[PDB]
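These notes concern the structure reproduced below.
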Amino acid sequence: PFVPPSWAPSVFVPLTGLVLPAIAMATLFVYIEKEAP
Amino acid sequence: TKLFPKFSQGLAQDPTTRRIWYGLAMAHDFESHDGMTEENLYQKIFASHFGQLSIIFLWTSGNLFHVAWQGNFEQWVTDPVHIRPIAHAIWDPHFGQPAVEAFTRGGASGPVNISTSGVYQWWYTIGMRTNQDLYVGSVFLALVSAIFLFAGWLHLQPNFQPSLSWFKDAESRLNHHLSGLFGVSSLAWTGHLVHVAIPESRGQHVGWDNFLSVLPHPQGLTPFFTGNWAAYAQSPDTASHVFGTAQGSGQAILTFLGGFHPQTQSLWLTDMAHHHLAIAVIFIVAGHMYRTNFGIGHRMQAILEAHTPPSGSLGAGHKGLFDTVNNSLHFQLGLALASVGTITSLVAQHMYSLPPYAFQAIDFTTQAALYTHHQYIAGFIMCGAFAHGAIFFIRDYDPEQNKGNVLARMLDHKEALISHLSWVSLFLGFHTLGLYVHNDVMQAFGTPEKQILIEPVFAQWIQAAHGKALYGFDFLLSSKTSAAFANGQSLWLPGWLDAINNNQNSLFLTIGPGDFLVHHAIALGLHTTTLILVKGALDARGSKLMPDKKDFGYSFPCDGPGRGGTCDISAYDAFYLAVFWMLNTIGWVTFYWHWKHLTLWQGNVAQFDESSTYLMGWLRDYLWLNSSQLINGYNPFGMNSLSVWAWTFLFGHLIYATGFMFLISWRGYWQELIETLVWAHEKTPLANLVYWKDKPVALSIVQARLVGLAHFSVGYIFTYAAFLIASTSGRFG
Amino acid sequence: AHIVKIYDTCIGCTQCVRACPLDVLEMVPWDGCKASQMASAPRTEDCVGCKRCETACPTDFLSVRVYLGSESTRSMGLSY
Amino acid sequence: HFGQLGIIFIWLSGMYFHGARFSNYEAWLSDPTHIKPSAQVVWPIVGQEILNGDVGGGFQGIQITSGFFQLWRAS
Amino acid sequence: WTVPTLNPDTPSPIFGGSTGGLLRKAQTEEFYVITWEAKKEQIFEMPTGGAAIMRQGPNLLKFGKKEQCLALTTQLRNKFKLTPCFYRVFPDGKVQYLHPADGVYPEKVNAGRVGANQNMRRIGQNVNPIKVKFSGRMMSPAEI
Amino acid sequence: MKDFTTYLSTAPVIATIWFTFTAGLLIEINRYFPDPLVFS
Amino acid sequence: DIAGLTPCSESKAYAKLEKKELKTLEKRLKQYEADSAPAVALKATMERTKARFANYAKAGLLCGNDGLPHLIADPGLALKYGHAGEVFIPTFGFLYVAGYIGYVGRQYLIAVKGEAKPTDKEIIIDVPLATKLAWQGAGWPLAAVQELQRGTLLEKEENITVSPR
Amino acid sequence: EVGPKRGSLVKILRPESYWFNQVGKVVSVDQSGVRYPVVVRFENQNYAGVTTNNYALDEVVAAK
Ligand code: CLA
Ligand code: CLA
Ligand code: CLA
Ligand code: CLA
Ligand code: CLA
Ligand SMILES: CC1=C(/C=C/C(C)=C/C=C/C(C)=C/C=C/C=C(C)/C=C/C=C(C)/C=C/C2=C(C)CCCC2(C)C)C(C)(C)CCC1
Ligand code: SF4
Ligand code: SF4
């Protein structure tokens, strides 16, 4: 029941190494630059 | 103005890039935030601790999950001697085919990393036998991580926020943590060993499905309630027992054999069961010492107030210290890091010489990594212990409320303390370096018999007191007629003496002149590092060169070029300089541990005995000799499984060298260089259409010291980690 | 903006005012010293934190003190 | 500048003198390809005489890399 | 003495120009103008680099930050014995005058000035940092 | 001559003579008593 | 013997070490003439090597498994078994010289503090005074102790500057 | 008539002074009621190179 599929690394490695960092950097860059009301 | 950081208006109004760097670096200094109150300070810290706890249990869950999913635990348990554990799988699209083949090993489906953390031996010892055992543990700890995270949220809510006085109830917290956190946890761990771990070591499966119908001992609790507690120590595992099987096994659940299991070369499980039962009773008892709502016990303030020597030798004594400790978090954190930092060293010292996990000794790479791992962490924690002691003096120390007590009197004779630490450091350095250089000159001129080799008689005399008969002192446990030898001759000496006199294990290794010199170098490291840290704390509040240093804080750049120059004058800078000496000290310790063990593991201890008395031997026979396989991980002909450590080895040298740039060249040079870059961008067509929102500036004076120290430390760690693992694993693994 | 404070040990030598490269300090009448004048810091918003004033003060310990504080375009000495 | 020139002459004089009195130059001229140039000799104290290596020509001394033997031959 | 009014049409020294001059800051935040009278044409050193010739009579220069204006003022006073004065000019057109704030250079004591940031105590009589803790912001004992 | 002897009394000149003497004594002792390791 | 060590005179490894060093010297010898300058120097070295190994054995040192002398530092073990000359006796030899140097320097420093310009007496040494103090330092342990008992060795706590605390 | 005599030696008691617990020579004592009338000179300079400083009446005591 626990064993993940044999293709899990193919999806999660690019996802956590290329995709989430891109969204995280965009989120952080916008946040720090945001001006107070 | 900018939103980030929300906790400091001074930073948010800064138009330069310093706002970004400083916002990150002051996030967790809650005392410096805008609008902070004492009560809000404690509630934030309480919430932060729940977050740390959740990360720890999630990190542990990830290790359990990946070993079960991608490791070879079930195969390793069958033949732990001749199988390398697997940490996790590799999916790197940058790999070439030779790399994919090189890292395929251990019968795995594809490329994998070999584990060095020893979790296999630990988990196997405590009763884990199958991948499903690890899967259930992983889900359980992921759930525990979630619960702590929820509790962190819960106790921030309006009706669940503890008051300020709740965090300052010292007597009640000590009673619970000693009896419940320590005592009951150790009692519960005894339950696991008696019910699960020990039976699994004797070939009997015990799980949640059948543990209520399995008797840990043939006589169930009759000896316990009748006082005949000796019945639990009868028929222990014999010397022929094969771990994990019922052949040669016994029945006892509590013993004091005192030695090593002959097959696994690790501590007996029945001794570790009786160990944890013993301290649990002591800790539960010790947790009934302090006052609470029931009218009995001590109040810690009364104890401190009493202990004033009648002769006035310690002045006011310990009067006023309860408020000094109970009101300052930096004082409490300094005591916590100092205590935990020392215990981390103790863990490293005792785990390599009294290996508690089955088949841990034969895994040389694991033993090397575990000792180095915890000694470097202990070193960092000790530096932090003194840093927060220095922060206490600046921020929390109140001279009026500590008038004449022990703490105040430490500042009275701080010059005497620092002067004597200075003398000891100079004495050890002069004579330790001098003897090494003398021995080097003798070796260079071809007269090895002219060198100064001092026998460690004092340390060899201690080993005699413990039963090591090699030196012929015939002292205490080394003499068969002493009362000490006789009394323990029926409980643990037969096992202890057998192990200490076995020269193939690391229990009280034989020492000689080579160990004399290295130990005195270690003392130099401890004393000098203490000197730097102690000066940084005692001089934190002021000095002749800066009488009012307290008014500037713990960390400031300098007081300018006046009065001769004041670079690195803050207490923050004393810690910064002390980190270098800490790395140097722990480096000497870990080189000494590693080289003395490599020669033992190869059987040629004579190399260390002969080559360790001069510094060319270390450079030649340890660093240069053992780098041969590391730097051949990849070469113009191909690569092998060590190419990752070869790559990481150079990776460390690069980060280390990059740190020199931030430490040698200082800000003024770089700020003027950045000003031409600002000019160039504005005048460049097609690029001045784009523009920045934060004005570029050079790193600050203080920032570059931290950034330089971070690169220095990281390169330090990664270089030796790659060499330590590669030299040990390739040689034997 | 940095913080600059003048303490009552000032002897009115005027050296701090001459040293300052941003005209942050000035001398004002006083009755607490022989010179009958004291240093003043009316324009600290222009202070950059060089501490040339502290280098120039003869009194021991200093009578003028600079505490580096919040940064800005003026205090960071930027021309861009 | 005269002081700097005077110092160089002492230094140059020492190099020529040590070639005359503490060198194997004459032996080197006969067998240049097998004899190692040497123009410094150490005293036998505290066991430092091991630095007087076997350089050829029945001579013991420190091998020099300053190229003075080649310069002298050319002149 | 009355506050001088800046004359934007004042002639400027004979200077070829350099790359060390004003940047985009002058167009968005502020810049500084220094003016003085010259007895005779003479060569002086620009704080931005290079040499310029001052015309006889009024002269005017524009600089990127205050320290540059007061650096030129020191040169003109010490060597050429002149009496320059400079302003702060904002992009909206407002002009702020300073140095000399009251017409007399700050080194010379003048009646009418009000002491600022003066503590009637010594450095050694400040309170301990613990007594100014949790005051809403990082505060030194000297501030209170 | 008074000034010249004053020059010889300067710190660098004294140290050179003193250490030249001190070194010479140690060198000469080891020339006549080579390889001392134990008082004996 | 002590700590498992054995006398170097009875040590097999110690004897073998001497042969190795002499063999190395002999190998270089046979490439020279009988009485040439290099040969004489090599023979002199061999004589010192033989003398050195005889002296250390005659001194009754202890050799380890490495076959190299080891020194005994505990005063009780040294005096018990006649190893006082390794560390114990040289300990009091050094302290006498170290105290001599330090005491002489302290006497000179006190002497010039009374002069009008002490600083000029430190860069420019008063050689006549220094030689006078150099000879009187031979009795420093006696003079040092008497100062301690009379209470003039240490300054008063009230006459020493210290930082704020 | 106020303060120690000119040329006499006094011991400094200002903890923040470079010459705390040290002896200096009194140069002059102001009689105008200023905050720090006593002027003291020292034979050893402080970190800034100064050898003179002003002290209040209660910050200086006679040698011993
Ligand atoms: C975990 C992080 C990570 C991952 C998963 C990758 C993955 C990859 N890198 Mg690496 N790389 C990384 C980090 C990473 N890199 C970092 C940190 C650096 C800097 C040190 C580099 C520097 C680097 C270089 C310099 C190069 C690579 C290249 C590659 C490729 C090698 C395999 C190949 O033959 O691709 C072949 C690739 C393809 C057949 C195409 C794959 C898909 C493309 C790239 C994107 C498609 C997008 C799609 C059409 C639209 C958007 C979809 C999206 C919204 C879901 C592969 C795509 C090589 C390459 O080919 O890059 C292009 C290459 O030259 N990387
Ligand atoms: C029985 C009741 C009880 C219990 C179980 C706890 C438990 C805890 N409290 Mg405490 N607490 C209590 C009552 C209790 N408290 C009461 C009554 C009060 C009010 C007065 C408080 C007030 C309080 C505060 C204010 C805080 C805590 C915190 C904590 C946590 C400390 C961190 C931790 O996990 O250390 C675990 C420590 C150990 C298991 C022992 C460590 C020392 C041993 C000797 C190390 C070596 C052991 C062994 C060899 C290691 C094996 C390792 C393995 C890999 C093989 C912990 C969960 C802190 C926290 O984190 O809160 C979230 C915190 O901030 N408590
Ligand atoms: C449990 C222990 C503990 C706790 C609760 C704290 C808490 C605190 N410490 Mg203390 N400290 C500790 C341990 C602890 N410390 C230790 C072990 C040390 C010794 C190393 C120190 C040394 C220390 C100093 C010197 C200072 C503090 C300060 C602080 C305060 C601010 C922290 C901050 O803003 O960080 C912000 C965090 C950062 C800027 C980044 C931290 C990470 C560093 C730079 C290393 C990063 C390495 C990186 C991950 C490697 C990447 C590798 C690559 C290959 C990928 C805060 C109250 C500061 C303070 O204000 O005190 C009053 C302060 O001056 N601490
Ligand atoms: C190999 C590098 C090295 C060395 C040898 C030293 C040596 C020393 N450091 Mg330093 N240090 C280093 C690196 C080093 N440090 C680094 C990288 C840092 C980080 C910035 C520091 C930061 C630091 C601090 C913060 C402190 C020290 C201190 C010390 C002293 C410790 C006590 C001691 O050993 O006394 C014995 C002395 C020595 C071993 C020094 C070398 C002596 C030589 C061999 C004498 C040769 C004389 C001979 C006649 C030849 C002269 C020739 C010449 C005339 C041409 C000592 C002077 C502490 C100190 O000063 O304590 C009093 C101290 O507080 N160090
Ligand atoms: C630096 C500390 C130190 C240490 C760890 C030792 C260690 C040792 N000494 Mg040594 N000793 C030292 C300093 C030290 N000594 C000093 C400074 C002196 C005075 C100069 C002596 C004088 C001395 C004598 C006279 C004797 C020893 C002996 C011993 C051994 C056993 C007794 C002992 O001292 O127990 C541990 C040490 C201490 C607690 C420190 C104080 C030790 C005192 C001074 C001597 C105790 C002697 C003891 C009563 C002898 C009883 C008979 C014995 C066979 C059991 C042991 C190897 C004995 C020996 O040779 O045994 C084989 C012996 O007879 N020592
Ligand atoms: C500066 C400061 C600080 C800090 C501090 C520190 C950081 C410290 C540390 C410290 C340390 C880190 C210490 C340690 C110690 C230890 C000890 C003291 C030990 C002991 C031991 C013993 C006593 C033992 C004994 C024995 C033996 C040897 C054998 C057998 C068994 C027995 C047990 C008998 C604080 C926070 C307070 C605050 C204020 C300031
Ligand atoms: S602060 Fe110092 S330099 Fe300025 S007037 Fe006062 S005494 Fe003179
Ligand atoms: S720190 Fe610099 S700018 Fe500020 S008052 Fe002092 S001299 Fe003037």
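Labeling convention for the structure tokens: chains A, B, ... as they appear, residues from 1 per chain, ligands from 1 in order of appearance.
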Open item on the list: What are the residues of chain D lining chain B at 9 Å or less? Count only C-alpha atoms, and put the answer as number ranges by chain.
Closed with: D: 47-51
- [ ] Please report as JSON, numbers by chain which residues of chain A come no farther than 8 Å from chain B, using only C-alpha atoms.
- [x] {"A": [2, 3, 4, 9, 10, 13, 31, 32, 33, 34, 35, 36]}
Task: Non-local contacts of stretch 14-27 of chain H (8 Å; only C-alpha atoms; under 4 positions in same chain excluded) as a PyMOL selection string - done: (chain B and resi 544+547-548) or (chain C and resi 60-61) or (chain E and resi 123-124) or (chain G and resi 158-164) or (chain H and resi 4-10+38-43+46+59-60+63)
With N, CA and C atoms retained, could you export that selection as a PDB file, in the first residue's frame?
```pdb
ATOM      1  N   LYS B 544      38.917  49.412  28.422  1.00  0.00           N
ATOM      2  CA  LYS B 544      39.638  50.679  28.448  1.00  0.00           C
ATOM      3  C   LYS B 544      39.571  51.373  27.095  1.00  0.00           C
ATOM      4  N   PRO B 547      35.046  52.281  26.907  1.00  0.00           N
ATOM      5  CA  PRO B 547      34.424  52.089  28.228  1.00  0.00           C
ATOM      6  C   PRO B 547      32.931  51.830  28.180  1.00  0.00           C
ATOM      7  N   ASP B 548      32.232  52.310  27.157  1.00  0.00           N
ATOM      8  CA  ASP B 548      30.778  52.233  27.085  1.00  0.00           C
ATOM      9  C   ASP B 548      30.321  51.327  25.948  1.00  0.00           C
TER      10      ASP B 548
ATOM     11  N   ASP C  60      38.510  63.002  27.496  1.00  0.00           N
ATOM     12  CA  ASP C  60      38.595  61.577  27.786  1.00  0.00           C
ATOM     13  C   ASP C  60      37.684  61.263  28.967  1.00  0.00           C
ATOM     14  N   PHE C  61      36.651  60.441  28.758  1.00  0.00           N
ATOM     15  CA  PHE C  61      36.297  59.848  27.471  1.00  0.00           C
ATOM     16  C   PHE C  61      35.633  60.901  26.587  1.00  0.00           C
TER      17      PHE C  61
ATOM     18  N   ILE E 123      29.419  60.328  29.546  1.00  0.00           N
ATOM     19  CA  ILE E 123      29.157  59.038  28.917  1.00  0.00           C
ATOM     20  C   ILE E 123      29.022  57.948  29.969  1.00  0.00           C
ATOM     21  N   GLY E 124      29.773  58.050  31.060  1.00  0.00           N
ATOM     22  CA  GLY E 124      29.767  57.035  32.090  1.00  0.00           C
ATOM     23  C   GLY E 124      28.562  57.034  32.996  1.00  0.00           C
TER      24      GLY E 124
ATOM     25  N   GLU G 158      44.545  48.962  44.500  1.00  0.00           N
ATOM     26  CA  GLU G 158      44.070  50.325  44.310  1.00  0.00           C
ATOM     27  C   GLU G 158      44.985  51.162  43.428  1.00  0.00           C
ATOM     28  N   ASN G 159      46.187  50.682  43.119  1.00  0.00           N
ATOM     29  CA  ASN G 159      47.127  51.404  42.274  1.00  0.00           C
ATOM     30  C   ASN G 159      47.190  50.851  40.857  1.00  0.00           C
ATOM     31  N   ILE G 160      46.262  49.975  40.481  1.00  0.00           N
ATOM     32  CA  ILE G 160      46.235  49.361  39.159  1.00  0.00           C
ATOM     33  C   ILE G 160      44.952  49.786  38.463  1.00  0.00           C
ATOM     34  N   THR G 161      45.083  50.296  37.245  1.00  0.00           N
ATOM     35  CA  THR G 161      43.926  50.749  36.488  1.00  0.00           C
ATOM     36  C   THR G 161      43.151  49.560  35.937  1.00  0.00           C
ATOM     37  N   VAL G 162      41.821  49.664  35.967  1.00  0.00           N
ATOM     38  CA  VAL G 162      40.940  48.637  35.429  1.00  0.00           C
ATOM     39  C   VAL G 162      39.768  49.308  34.729  1.00  0.00           C
ATOM     40  N   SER G 163      39.158  48.567  33.813  1.00  0.00           N
ATOM     41  CA  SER G 163      38.058  49.074  33.014  1.00  0.00           C
ATOM     42  C   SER G 163      36.762  49.102  33.816  1.00  0.00           C
ATOM     43  N   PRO G 164      35.761  49.845  33.349  1.00  0.00           N
ATOM     44  CA  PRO G 164      34.470  49.848  34.043  1.00  0.00           C
ATOM     45  C   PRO G 164      33.855  48.458  34.074  1.00  0.00           C
TER      46      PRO G 164
ATOM     47  N   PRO H   4      42.826  70.946  44.720  1.00  0.00           N
ATOM     48  CA  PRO H   4      44.206  70.717  45.155  1.00  0.00           C
ATOM     49  C   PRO H   4      45.151  71.789  44.634  1.00  0.00           C
ATOM     50  N   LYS H   5      46.330  71.838  45.246  1.00  0.00           N
ATOM     51  CA  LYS H   5      47.326  72.835  44.884  1.00  0.00           C
ATOM     52  C   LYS H   5      47.944  72.517  43.527  1.00  0.00           C
ATOM     53  N   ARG H   6      48.373  73.566  42.832  1.00  0.00           N
ATOM     54  CA  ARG H   6      49.035  73.391  41.549  1.00  0.00           C
ATOM     55  C   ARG H   6      50.347  72.640  41.730  1.00  0.00           C
ATOM     56  N   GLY H   7      50.612  71.702  40.824  1.00  0.00           N
ATOM     57  CA  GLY H   7      51.822  70.915  40.865  1.00  0.00           C
ATOM     58  C   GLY H   7      51.755  69.693  41.754  1.00  0.00           C
ATOM     59  N   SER H   8      50.735  69.581  42.598  1.00  0.00           N
ATOM     60  CA  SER H   8      50.587  68.408  43.441  1.00  0.00           C
ATOM     61  C   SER H   8      50.126  67.213  42.612  1.00  0.00           C
ATOM     62  N   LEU H   9      50.281  66.025  43.188  1.00  0.00           N
ATOM     63  CA  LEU H   9      49.920  64.780  42.530  1.00  0.00           C
ATOM     64  C   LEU H   9      48.584  64.288  43.068  1.00  0.00           C
ATOM     65  N   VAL H  10      47.703  63.862  42.164  1.00  0.00           N
ATOM     66  CA  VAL H  10      46.376  63.384  42.522  1.00  0.00           C
ATOM     67  C   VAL H  10      46.125  62.055  41.828  1.00  0.00           C
ATOM     68  N   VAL H  38      39.344  71.108  37.551  1.00  0.00           N
ATOM     69  CA  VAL H  38      40.687  70.593  37.787  1.00  0.00           C
ATOM     70  C   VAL H  38      41.283  70.089  36.481  1.00  0.00           C
ATOM     71  N   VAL H  39      42.499  70.536  36.179  1.00  0.00           N
ATOM     72  CA  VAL H  39      43.252  70.089  35.013  1.00  0.00           C
ATOM     73  C   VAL H  39      44.432  69.266  35.504  1.00  0.00           C
ATOM     74  N   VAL H  40      44.594  68.071  34.942  1.00  0.00           N
ATOM     75  CA  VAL H  40      45.629  67.135  35.359  1.00  0.00           C
ATOM     76  C   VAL H  40      46.430  66.719  34.137  1.00  0.00           C
ATOM     77  N   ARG H  41      47.740  66.587  34.313  1.00  0.00           N
ATOM     78  CA  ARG H  41      48.644  66.146  33.262  1.00  0.00           C
ATOM     79  C   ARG H  41      49.251  64.803  33.642  1.00  0.00           C
ATOM     80  N   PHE H  42      49.470  63.955  32.643  1.00  0.00           N
ATOM     81  CA  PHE H  42      49.972  62.609  32.859  1.00  0.00           C
ATOM     82  C   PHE H  42      51.207  62.379  32.003  1.00  0.00           C
ATOM     83  N   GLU H  43      52.091  61.511  32.490  1.00  0.00           N
ATOM     84  CA  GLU H  43      53.324  61.202  31.780  1.00  0.00           C
ATOM     85  C   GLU H  43      53.140  60.145  30.700  1.00  0.00           C
ATOM     86  N   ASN H  46      47.128  58.549  26.433  1.00  0.00           N
ATOM     87  CA  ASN H  46      46.030  57.613  26.256  1.00  0.00           C
ATOM     88  C   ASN H  46      45.998  57.146  24.802  1.00  0.00           C
ATOM     89  N   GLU H  59      36.265  63.865  41.575  1.00  0.00           N
ATOM     90  CA  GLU H  59      36.842  62.792  40.779  1.00  0.00           C
ATOM     91  C   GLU H  59      38.336  62.612  41.011  1.00  0.00           C
ATOM     92  N   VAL H  60      38.970  63.495  41.777  1.00  0.00           N
ATOM     93  CA  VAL H  60      40.408  63.448  42.014  1.00  0.00           C
ATOM     94  C   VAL H  60      40.658  63.478  43.512  1.00  0.00           C
ATOM     95  N   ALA H  63      47.407  62.011  46.175  1.00  0.00           N
ATOM     96  CA  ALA H  63      48.183  60.780  46.112  1.00  0.00           C
ATOM     97  C   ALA H  63      48.171  60.083  47.463  1.00  0.00           C
TER      98      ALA H  63
END
```
Open item on the list: According to DSSP computed on the backbone, where in chain H is there strand (DSSP E or B)? Give the residues as number ranges by chain.
Closed with: H: 9-12, 20, 23-29, 38-41, 52-55, 60-62
Using only C-alpha atoms, please write the residues we just selected to a file, as a PDB file, in the first residue's frame.
```
ATOM      1  CA  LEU H   9      49.920  64.780  42.530  1.00  0.00           C
ATOM      2  CA  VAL H  10      46.376  63.384  42.522  1.00  0.00           C
ATOM      3  CA  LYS H  11      44.797  59.993  41.867  1.00  0.00           C
ATOM      4  CA  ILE H  12      41.982  59.799  39.322  1.00  0.00           C
ATOM      5  CA  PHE H  20      41.585  55.645  36.435  1.00  0.00           C
ATOM      6  CA  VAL H  23      48.588  59.538  39.417  1.00  0.00           C
ATOM      7  CA  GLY H  24      48.868  62.833  37.559  1.00  0.00           C
ATOM      8  CA  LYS H  25      50.119  66.354  38.166  1.00  0.00           C
ATOM      9  CA  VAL H  26      47.647  69.191  38.709  1.00  0.00           C
ATOM     10  CA  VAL H  27      48.217  72.018  36.230  1.00  0.00           C
ATOM     11  CA  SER H  28      45.482  74.450  37.282  1.00  0.00           C
ATOM     12  CA  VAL H  29      42.106  74.600  39.014  1.00  0.00           C
ATOM     13  CA  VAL H  38      40.687  70.593  37.787  1.00  0.00           C
ATOM     14  CA  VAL H  39      43.252  70.089  35.013  1.00  0.00           C
ATOM     15  CA  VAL H  40      45.629  67.135  35.359  1.00  0.00           C
ATOM     16  CA  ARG H  41      48.644  66.146  33.262  1.00  0.00           C
ATOM     17  CA  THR H  52      45.887  66.114  29.738  1.00  0.00           C
ATOM     18  CA  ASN H  53      42.267  66.038  30.862  1.00  0.00           C
ATOM     19  CA  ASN H  54      39.777  67.949  33.003  1.00  0.00           C
ATOM     20  CA  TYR H  55      38.250  66.463  36.152  1.00  0.00           C
ATOM     21  CA  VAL H  60      40.408  63.448  42.014  1.00  0.00           C
ATOM     22  CA  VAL H  61      42.025  62.635  45.359  1.00  0.00           C
ATOM     23  CA  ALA H  62      45.486  63.382  46.702  1.00  0.00           C
TER      24      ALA H  62
END
```
- [ ] Could the residues of chain G within 9 Å of chain D, counting only C-alpha atoms, be given as an NGL selection string, please?
- [x] :G and (28 or 31-33 or 36-38 or 41 or 45)
Please produce a file of the residues just selected, as a PDB file, in the first residue's frame, where the atoms kept are N, CA, C and O atoms.
```pdb
ATOM      1  N   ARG G  28      77.504   5.456   1.457  1.00  0.00           N
ATOM      2  CA  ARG G  28      78.038   6.662   0.835  1.00  0.00           C
ATOM      3  C   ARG G  28      79.558   6.701   0.895  1.00  0.00           C
ATOM      4  O   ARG G  28      80.195   7.329   0.045  1.00  0.00           O
ATOM      5  N   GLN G  31      82.120   5.367  -2.128  1.00  0.00           N
ATOM      6  CA  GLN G  31      82.236   6.069  -3.397  1.00  0.00           C
ATOM      7  C   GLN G  31      83.303   7.156  -3.361  1.00  0.00           C
ATOM      8  O   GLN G  31      83.398   7.947  -4.304  1.00  0.00           O
ATOM      9  N   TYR G  32      84.102   7.211  -2.301  1.00  0.00           N
ATOM     10  CA  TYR G  32      85.177   8.180  -2.151  1.00  0.00           C
ATOM     11  C   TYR G  32      86.499   7.439  -1.958  1.00  0.00           C
ATOM     12  O   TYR G  32      86.573   6.214  -2.082  1.00  0.00           O
ATOM     13  N   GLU G  33      87.550   8.196  -1.658  1.00  0.00           N
ATOM     14  CA  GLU G  33      88.866   7.631  -1.412  1.00  0.00           C
ATOM     15  C   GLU G  33      89.042   7.339   0.078  1.00  0.00           C
ATOM     16  O   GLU G  33      88.153   7.583   0.897  1.00  0.00           O
ATOM     17  N   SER G  36      90.337  11.026   1.654  1.00  0.00           N
ATOM     18  CA  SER G  36      89.869  12.264   1.058  1.00  0.00           C
ATOM     19  C   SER G  36      89.023  13.044   2.059  1.00  0.00           C
ATOM     20  O   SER G  36      88.582  12.517   3.083  1.00  0.00           O
ATOM     21  N   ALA G  37      88.799  14.319   1.754  1.00  0.00           N
ATOM     22  CA  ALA G  37      88.004  15.152   2.655  1.00  0.00           C
ATOM     23  C   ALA G  37      86.607  14.592   2.870  1.00  0.00           C
ATOM     24  O   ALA G  37      86.167  14.521   4.030  1.00  0.00           O
ATOM     25  N   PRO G  38      85.859  14.190   1.838  1.00  0.00           N
ATOM     26  CA  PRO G  38      84.537  13.599   2.102  1.00  0.00           C
ATOM     27  C   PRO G  38      84.598  12.352   2.964  1.00  0.00           C
ATOM     28  O   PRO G  38      83.739  12.161   3.833  1.00  0.00           O
ATOM     29  N   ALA G  41      85.064  13.198   6.695  1.00  0.00           N
ATOM     30  CA  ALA G  41      83.835  13.719   7.281  1.00  0.00           C
ATOM     31  C   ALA G  41      82.846  12.600   7.574  1.00  0.00           C
ATOM     32  O   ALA G  41      82.219  12.579   8.638  1.00  0.00           O
ATOM     33  N   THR G  45      81.222  11.301  11.217  1.00  0.00           N
ATOM     34  CA  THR G  45      79.804  11.120  11.502  1.00  0.00           C
ATOM     35  C   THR G  45      79.532   9.744  12.092  1.00  0.00           C
ATOM     36  O   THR G  45      78.750   9.609  13.038  1.00  0.00           O
TER      37      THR G  45
END
```
Task: Per-residue DSSP, chain C, filtered to helix (DSSP H, G or I), as a count of residues only - done: 13
Open item on the list: Residues near residue D:45, anyone? I mean within 9 Å using only C-alpha atoms, not counting same-chain ones fewer than 3 positions away, as a ChimeraX atom specification.
Closed with: /D:42,48-49 /F:27,30-31,34
